[PDB]
Structure formats: structure tokens, C-alpha cells
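Participant: Pasting a structure below so you can have a look.
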Amino acid sequence: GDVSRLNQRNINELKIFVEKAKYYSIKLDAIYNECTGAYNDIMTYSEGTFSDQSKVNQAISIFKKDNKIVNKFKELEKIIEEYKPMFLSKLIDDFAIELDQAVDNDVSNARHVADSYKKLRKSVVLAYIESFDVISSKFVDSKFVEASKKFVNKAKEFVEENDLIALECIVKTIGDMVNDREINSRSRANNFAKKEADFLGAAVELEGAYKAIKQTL
């Protein structure tokens with residue numbers, strides 16, 4: 001029986017999300033580039049020797065100064081909040097609290113800032129996938145829903161290997177599908193090529209289901 005009207009409403013919701021979230025990977029890269037030195041310094045020099053306390057203090061400053069990094073995470077949260085309300089809220093608060101307490105010089109405290117940052121950045125990537133999951137799950141097309149669950153699973157496995165690389169690939173690939181650009185199914189990576197290709201395989205299946213919907217419209 002014809003469910004064209006429902007399928008067009010589902011496509012509309014997906015296209016809105018993807019276009020609104022299209023800078024998600026660029027914005028997470030900007031956090032990565034500003035914080036990586038500081039994160040690595042905290043991990044290296046947090047061994048209780050105070051030998052490099054000044055380096056740890058400067059690394060904490062990168063994460064804390066002008067609330068800038070916290071606000072970058074809040075900007076990414078504002079994109080997903082419509083779709084996964086309170087997904088990131090707790091982890092953003094836990095980071096904010098650790099940053100406050102890091103004024104107390106301590107090796108543990110700084111390590112907790114670094115750990116809290118790493119956990120929150122991974123959750124920001126997962127929140128993109130969790131938002132796609134919720135949108136996909138409103139589709140009335142069973143073949144699209146089945147392909148979506150597989151895309152979500154392979155997306156989360158890719159994240160386990162590397163959060164930012166997975167997010168970059170997920171954002172470009174779903175972008176290509178909703179803008180009717182043929183998905184490239186091949187990884188040319190020297191790191192994570194197996195997991196990338198597995199995810200691209202699930203994306204090609206989803207593109208097939210999506211195109212089958214579009215040809216009924």
C-alpha cells in the first residue's frame with residue numbers, strides 16, 4: 001500500500017539533521033588540534049614528580065581558559081539536543097566540574113581532566129550516531145530500518161578504533177547518500193582500513209535501501 005507521504009517525511013527529517021550537523025567532524029577536529037598537545041602532556045607528566053608541574057598547569061589552561069573548550073562541546077551538543085536530549089549533558093558537566101577542581105594542583109586531578117576530555121570527545125561522536133539511530137528508527141521502510149541498524153553497529157565499531165576518523169567517515173558518507181553522491185565503498189587507509197571498509201559496506205547497503213525509497217517518490 002502506498003506510504004509515499006510517510007517516506008517523504010522520513011527523508012525530510014534525515015536531510016535536515018545531516019545538513020544541520022554537516023560541520024560536526026570539522027568542529028571535533030578543531031577541538032582535537034587545540035587539545036592534543038595538552039592531553040598528551042597531562043598523560044606524560046602526571047607521574048607525581050612535579051618535575052614538569054609548569055607543563056601540566058599550562059596544559060590544564062588550554063582546556064579551561066575562557067571556558068572555550070567547554071563551549072565548543074556545548075556547540076556540538078546544541079546540534080544533537082533535538083534528537084538525544086541529555087545524551088551529552090552529564091559528560092559535559094563532569095568535564096566542567098573536573099576543570100573547576102583542577103585549580104587544586106594535584107597529578108590525579110589533571111589526569112581526571114585528561115580522562116574526562118577523552119570520554120566526552122568519544123561520546124560526542126556516539127551522539128551523532130545515536131541521533132541517526134533515532135531518526136532512522138522513525139522510518140516506515142523496513143529495508144531502510146534493517147540497513148540503518150547495521151550502519152549504526154559498524155559505525156560504533158569504527159568509533160572504538162578511532163573516534164575522530166570514524167566520525168569523519170560517517171559524516172562524509174551519510175552526507176553523500178542524502179545529497180545523491182554515489183558512496184565510495186573503498187578504504188585506502190594504512191590504519192583502520194578493515195573497520196573503515198566494513199562501515200562503508202553497511203553504508204552501501206543503506207544507500208541501496210535509500211535509493212529504493214527515492215525511486216517510489
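Residues in the C-alpha cells are numbered from 1 in each chain, the chains being A, B, ... in the order shown, and ligands are numbered from 1 in the order shown.
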Once you count only C-alpha atoms, what closest atom pair and distance in Å to one decimal does each residue of region 92-136 of chain A within 8 Å of region 74-83 of chain A have, with rows by chain and rising residue number, as a tab-separated table?
Facilitator:
residue	atom	partner	partner_atom	distance
A:92	CA	A:74	CA	7.5
A:124	CA	A:76	CA	7.3
A:127	CA	A:80	CA	6.7
A:128	CA	A:80	CA	6.7
A:131	CA	A:83	CA	5.3
A:134	CA	A:83	CA	6.9
A:135	CA	A:83	CA	7.7
Participant: Could you write out that same residue set with C-alpha atoms as a JSON list (two decimals), in the first residue's frame?
Facilitator:
[["chain", "number", "residue", "atom", "x", "y", "z"],
["A", 92, "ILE", "CA", 29.85, 17.91, 29.63],
["A", 124, "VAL", "CA", 30.20, 13.49, 21.11],
["A", 127, "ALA", "CA", 25.80, 11.22, 19.97],
["A", 128, "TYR", "CA", 25.95, 11.80, 16.16],
["A", 131, "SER", "CA", 20.87, 10.86, 16.59],
["A", 134, "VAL", "CA", 16.61, 7.78, 16.49],
["A", 135, "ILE", "CA", 15.85, 9.36, 13.06]]
Participant: Return as a tab-separated table the residues of region 84-180 of chain A lying at most 10 Å from region 32-50 of chain A, together with the closest atom-to-atom pair for each and the distance in Å to one decimal, counting only C-alpha atoms, with rows in chain order and ascending residue number.
Facilitator:
residue	atom	partner	partner_atom	distance
A:105	CA	A:50	CA	9.9
A:106	CA	A:48	CA	8.2
A:107	CA	A:46	CA	5.1
A:108	CA	A:46	CA	7.4
A:109	CA	A:46	CA	9.4
A:110	CA	A:42	CA	6.5
A:111	CA	A:42	CA	6.3
A:112	CA	A:42	CA	9.5
A:113	CA	A:42	CA	8.6
A:114	CA	A:39	CA	5.5
A:115	CA	A:39	CA	8.7
A:117	CA	A:39	CA	8.2
A:118	CA	A:39	CA	8.5
A:121	CA	A:32	CA	8.8
A:164	CA	A:32	CA	8.4
Participant: Check the smallest atom-to-atom distance from each of A:212, A:206, A:94, A:183 to residue 152 (chain A) using only C-alpha atoms, then report the winner.
Facilitator: A:206
Participant: Could you tell me which of A:186, A:195, A:181, A:72 comes closest to residue 157 (chain A) if we count only C-alpha atoms?
Facilitator: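 Counting only C-alpha atoms, the residue closest to residue 157 (chain A) is A:195.
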Participant: Identify which of the residues A:159, A:178, A:60, A:97 lies closest to residue 16 (chain A), counting only C-alpha atoms when measuring atom-to-atom distances.
Facilitator: A:178
Participant: Extract the full set of alpha helix (DSSP H) residues from region 54-105 of chain A according to DSSP on the backbone, and format it as a PyMOL selection string.
Facilitator: chain A and resi 54-64+68-80+89-101
Participant: May I have the selected residues written with C-alpha atoms, as a PDB file, in the first residue's frame?
Facilitator:
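Generated file (selection-v8.pdb):
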ATOM      1  CA  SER A  54      54.553  24.026  34.953  1.00  0.00           C
ATOM      2  CA  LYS A  55      53.869  21.965  31.779  1.00  0.00           C
ATOM      3  CA  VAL A  56      50.812  20.327  33.451  1.00  0.00           C
ATOM      4  CA  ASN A  57      49.476  23.769  34.607  1.00  0.00           C
ATOM      5  CA  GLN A  58      49.825  25.158  31.025  1.00  0.00           C
ATOM      6  CA  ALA A  59      48.058  22.015  29.584  1.00  0.00           C
ATOM      7  CA  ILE A  60      45.165  22.451  32.105  1.00  0.00           C
ATOM      8  CA  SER A  61      44.989  26.144  30.973  1.00  0.00           C
ATOM      9  CA  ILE A  62      44.337  25.052  27.282  1.00  0.00           C
ATOM     10  CA  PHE A  63      41.254  23.030  28.468  1.00  0.00           C
ATOM     11  CA  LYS A  64      39.987  25.728  30.923  1.00  0.00           C
ATOM     12  CA  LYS A  68      36.453  27.924  25.345  1.00  0.00           C
ATOM     13  CA  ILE A  69      36.780  24.102  25.042  1.00  0.00           C
ATOM     14  CA  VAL A  70      33.634  23.536  27.229  1.00  0.00           C
ATOM     15  CA  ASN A  71      31.700  25.973  24.943  1.00  0.00           C
ATOM     16  CA  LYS A  72      32.946  24.058  21.801  1.00  0.00           C
ATOM     17  CA  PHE A  73      31.447  20.849  23.291  1.00  0.00           C
ATOM     18  CA  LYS A  74      28.206  22.757  24.119  1.00  0.00           C
ATOM     19  CA  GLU A  75      28.036  23.955  20.469  1.00  0.00           C
ATOM     20  CA  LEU A  76      28.229  20.258  19.291  1.00  0.00           C
ATOM     21  CA  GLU A  77      25.578  19.334  21.975  1.00  0.00           C
ATOM     22  CA  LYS A  78      23.217  22.114  20.627  1.00  0.00           C
ATOM     23  CA  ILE A  79      23.256  20.230  17.243  1.00  0.00           C
ATOM     24  CA  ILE A  80      22.248  16.803  18.747  1.00  0.00           C
ATOM     25  CA  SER A  89      24.679  16.756  29.318  1.00  0.00           C
ATOM     26  CA  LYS A  90      26.105  14.660  32.190  1.00  0.00           C
ATOM     27  CA  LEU A  91      29.519  14.158  30.482  1.00  0.00           C
ATOM     28  CA  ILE A  92      29.846  17.913  29.634  1.00  0.00           C
ATOM     29  CA  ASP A  93      29.025  18.749  33.328  1.00  0.00           C
ATOM     30  CA  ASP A  94      31.522  16.117  34.663  1.00  0.00           C
ATOM     31  CA  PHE A  95      34.271  17.720  32.445  1.00  0.00           C
ATOM     32  CA  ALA A  96      33.233  21.254  33.669  1.00  0.00           C
ATOM     33  CA  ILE A  97      33.455  20.070  37.351  1.00  0.00           C
ATOM     34  CA  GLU A  98      36.913  18.440  36.824  1.00  0.00           C
ATOM     35  CA  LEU A  99      38.167  21.698  35.177  1.00  0.00           C
ATOM     36  CA  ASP A 100      36.958  23.719  38.229  1.00  0.00           C
ATOM     37  CA  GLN A 101      38.757  21.347  40.709  1.00  0.00           C
TER      38      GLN A 101
END
Participant: Compile the contact shell of residue 145 (chain A) as a list in words: residues with an atom at most 12 Å away, counting only C-alpha atoms, same-chain residues fewer than 4 positions apart removed.
Facilitator: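 In the requested form, the answer reads residues 7, 10, 132, 133, 134, 135, 136, 137, 138, 139, 140, 141, 149, 150, 151, 152, 205, 206, 207, 209, 210 and 213 of chain A.
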Participant: Mind dumping the selected residues with C-alpha atoms as an mmCIF file, in the first residue's frame?
Facilitator:
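Below is the file part10.cif, written as the result:
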data_model
loop_
_atom_site.group_PDB
_atom_site.id
_atom_site.type_symbol
_atom_site.label_atom_id
_atom_site.label_comp_id
_atom_site.auth_asym_id
_atom_site.auth_seq_id
_atom_site.Cartn_x
_atom_site.Cartn_y
_atom_site.Cartn_z
ATOM 1 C CA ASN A 7 8.642 8.048 3.388
ATOM 2 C CA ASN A 10 11.283 10.458 6.926
ATOM 3 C CA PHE A 132 20.987 8.982 13.248
ATOM 4 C CA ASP A 133 19.664 5.850 15.104
ATOM 5 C CA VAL A 134 16.610 7.776 16.486
ATOM 6 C CA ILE A 135 15.852 9.365 13.061
ATOM 7 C CA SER A 136 16.328 6.017 11.168
ATOM 8 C CA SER A 137 14.023 4.285 13.703
ATOM 9 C CA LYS A 138 11.111 6.576 12.652
ATOM 10 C CA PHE A 139 11.365 5.237 9.057
ATOM 11 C CA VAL A 140 8.337 3.180 7.927
ATOM 12 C CA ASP A 141 10.541 1.428 5.265
ATOM 13 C CA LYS A 149 20.820 -0.858 12.432
ATOM 14 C CA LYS A 150 23.797 -2.425 10.578
ATOM 15 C CA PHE A 151 25.197 1.076 9.672
ATOM 16 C CA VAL A 152 24.847 2.120 13.392
ATOM 17 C CA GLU A 205 23.590 -1.342 1.811
ATOM 18 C CA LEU A 206 21.870 1.737 3.394
ATOM 19 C CA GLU A 207 22.379 3.746 0.135
ATOM 20 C CA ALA A 209 17.640 0.956 0.696
ATOM 21 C CA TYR A 210 17.559 4.828 0.456
ATOM 22 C CA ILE A 213 12.687 4.579 -1.262
#
Participant: Counting only C-alpha atoms, which of A:174, A:166, A:200, A:147 gets nearest to residue 15 (chain A)?
Facilitator: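 The closest residue to residue 15 (chain A) is A:174.
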Participant: Please determine, counting only C-alpha atoms, which residue among A:25, A:116, A:142, A:12 has the shortest atom-to-atom distance to residue 165 (chain A).
Facilitator: A:25
